[PDB]
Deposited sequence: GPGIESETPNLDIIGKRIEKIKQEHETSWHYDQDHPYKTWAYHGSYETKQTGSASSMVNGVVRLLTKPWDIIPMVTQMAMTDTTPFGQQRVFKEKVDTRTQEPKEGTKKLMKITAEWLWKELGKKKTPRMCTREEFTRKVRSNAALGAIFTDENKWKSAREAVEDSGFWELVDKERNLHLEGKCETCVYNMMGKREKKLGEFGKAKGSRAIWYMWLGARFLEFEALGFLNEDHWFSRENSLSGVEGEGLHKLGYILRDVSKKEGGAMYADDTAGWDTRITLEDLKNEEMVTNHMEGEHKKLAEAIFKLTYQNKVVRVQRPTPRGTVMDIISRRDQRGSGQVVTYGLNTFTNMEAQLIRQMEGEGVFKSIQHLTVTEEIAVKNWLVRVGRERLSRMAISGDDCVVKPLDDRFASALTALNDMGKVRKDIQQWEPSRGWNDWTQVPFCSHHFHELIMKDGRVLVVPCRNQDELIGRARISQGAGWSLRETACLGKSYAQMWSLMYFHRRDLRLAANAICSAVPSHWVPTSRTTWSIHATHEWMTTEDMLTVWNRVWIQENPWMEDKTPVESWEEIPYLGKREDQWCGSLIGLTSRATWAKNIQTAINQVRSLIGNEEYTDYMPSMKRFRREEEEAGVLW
């Protein structure tokens, strides 16, 4: 408690010595409250006018238009798991870090690597003006140094979370987290090659083929149970099992990683804005509160662990979570050594998101360990058996489903898909202030090129993508303010990129014959396109398509006298 967090609390107290007060009307129940102090400040979703002017039919669709308009779970608690559950998790976690570590070497990430990431724009949940200035000033690195030596001494002064769920920290605390734990992401510990259940660094063009490969295994239904508020269900036992990665480290690295887990993950200090405007300095031990990239890898680790244990329960490897006998321990260890890697291969796991094809359907009602670990399912009663999926093309994963699409030449594409209102609504939205017309156009072009690569099979998106690319100057570079593999972020011909991604580099495509034109690239069936939200069939959509050059010309007239390319004749209907 206060020995580990007291120093951080002490420091904040004095910078606001004029404002400190133990408020008696504090709303916190599960979060430890320490004090308050005076502040005055806050974010809306702004519309992308280039995308909206080229998607007129969607201006009257509320599921699109409502997307641009407009903490009772963070303040909740999770009970301590039983002794049998704690044993299953420790055995499984010990085994899993060893498997992940067989072909990888833990290592520190460097100021050079950190500096390069900030100078190429990447979300570091951070709070000098921007990060680029701090990384160039040596005063920063001396603050970083002072904290670094405090961590080697087993103490913390400045690693404090700023709520807004995204846990922003000052750039220095972000650096120390990256130095100790960045290797999990930088060296791809959760790649499918290295973790068997992971998909880290797999583009949306890979995920469907991965689910189809899981479907080929003999076994029961495919299960895709969502957890209710995963980050809030991470227990102190989960944090202790994640910490065991430090058992694989040495020297300075081992000490620096032990401090991140001990001082910042297992004992957090947070500042929250409460209107009543006051700053609430609160603490707690449990729950996920890390940088988004470390959060992703540790969520993947703990989900892999939790799902192997649910598979053990279904297969009868242990009888009760109350307590593991001595021989159940050896049975669990022996299961992991004998079939653990095969059982990992039966899963696709992306942080809190999973798909599992178990040995049989006993898994559906194997719920005691899952509930006792705190990983309570969404939208179902605690003890009701899970509903599985009989067809891999129906399974939800990473906000998508996947279609099997046969090209006129017989070759098979497995493509990503989601309701089209969600795709159009998201492309019509931008975040942050000070967007020029050129920057807004380049963000529209990023969405368009993503649609041409991932969603070419949706009639409306291939047409709207061609229109946006026709309306934005041909040499202007696609941009995003926040950056899976983003192959659409390029000024290369998108037909050349399509061929590279779907044919040349696609390990599921044996015939490498290049496609010569967009007319060789198929769509979903007309009825399937309509099922997944297409407006084909509506008079509004027909007027848009027939008059698209008028919409393209409206946007070109706003941007002004620039060099443009007409991409519409790459489509049959505009090709004479």
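Visitor: As a test: can you identify every run of the deposited sequence that has no C-alpha position in this structure, in order?
Guide: Missing C-alpha atoms (numbering from 1) occur across the ranges 1 to 9, 52 to 53, 82 to 92, 150 to 155, 193 to 209, 322 to 324, 532 to 535, 629 to 637.
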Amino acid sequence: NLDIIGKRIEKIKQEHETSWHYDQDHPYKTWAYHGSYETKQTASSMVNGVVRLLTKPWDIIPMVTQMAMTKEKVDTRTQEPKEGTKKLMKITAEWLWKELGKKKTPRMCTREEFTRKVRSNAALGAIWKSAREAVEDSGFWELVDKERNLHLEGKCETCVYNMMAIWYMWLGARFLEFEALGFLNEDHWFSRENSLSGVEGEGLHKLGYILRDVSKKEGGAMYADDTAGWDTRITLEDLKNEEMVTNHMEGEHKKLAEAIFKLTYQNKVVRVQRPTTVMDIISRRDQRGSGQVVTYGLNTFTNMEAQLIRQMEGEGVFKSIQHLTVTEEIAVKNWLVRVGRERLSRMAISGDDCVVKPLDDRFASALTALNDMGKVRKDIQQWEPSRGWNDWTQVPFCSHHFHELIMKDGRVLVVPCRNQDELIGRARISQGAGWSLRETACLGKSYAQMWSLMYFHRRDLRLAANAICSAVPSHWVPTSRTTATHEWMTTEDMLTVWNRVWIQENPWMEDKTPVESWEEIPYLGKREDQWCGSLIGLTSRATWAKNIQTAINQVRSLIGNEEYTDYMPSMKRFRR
From here on, numbers count along this sequence of modelled residues.
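Under this definition, the rigid core comprises the largest set of C-alpha atoms superposing within 1.5 Å between the forms.
Visitor: When the other structures are laid on this one by the rigid core, do the CA atoms of 18 to 26 or of 552 to 560 sit farther away in 9 other deposited structures of this protein?
Guide: Stretch with the larger root mean square C-alpha distance in 9 other deposited structures of this protein: 552 to 560.
Visitor: Superpose by the rigid core: which stretch, 173 to 181 or 112 to 120, shows more Cα shift in 9 other deposited structures of this protein?
Guide: After the core superposition, the stretch with higher RMS deviation in 9 other deposited structures of this protein is 112 to 120.
Visitor: For residue 482, does the count of other compared entries lacking it reach at least a third?
Guide: Other entries vs residue 482: at least a third skip it.
Visitor: Check this for me: in at least a third of the other entries compared, is residue 497 absent while its neighbours are modelled?
Guide: Other entries vs residue 497: none skip it.
Visitor: Per the entry, where is the mean C-alpha temperature factor higher: 417 to 425 or 388 to 396?
Guide: Averaging CA B-factors over each stretch, the winner is 388 to 396.
Visitor: Per the PDB record, is the mean Cα temperature factor higher over 468 to 476 or over 179 to 187?
Guide: Going by the record's values, the stretch with the higher mean is 179 to 187.
Visitor: Could you check 73, 411, 403, 212 and tell me which one carries the biggest Cα B-factor in the deposited entry?
Guide: Of the options given, 73 has the highest CA B-factor in the PDB entry.
Visitor: Compare the CA B factors listed in the entry for 135, 453, 339, 199 and report the winner.
Guide: Reading the PDB entry, the winner on C-alpha B-factor is 135.
Visitor: Once the chain's modelled residues are ordered by C-alpha B factor and cut into thirds, is residue 559 in the lowest, middle or highest one?
Guide: Its C-alpha B-factor, which the entry lists for residue 559, ranks in the lowest third among residues of this chain.
Visitor: Taking the chain's C-alpha temperature factors as the reference, tell me which third residue 565 falls into: lowest, middle or highest.
Guide: For residue 565, whose C-alpha B-factor we compare with every modelled residue in the chain, the answer is the middle third.
Visitor: Rank-wise, by C-alpha B-factor, drop residue 29 into the lowest, middle or highest third of its chain.
Guide: Highest third - that is where residue 29 ends up once the chain's C-alpha B-factors are sorted.
Visitor: Based on the deposited C-alpha B factors for this chain, I'd like to know if residue 502 is in the lowest, middle or highest third.
Guide: Residue 502: CA B-factor falls in the lowest third of its chain.
Visitor: Looking at the temperature factor on the CA atom of residue 492, which third of the chain's modelled residues does it land in?
Guide: Answer is middle: the recorded C-alpha B-factor places it there.
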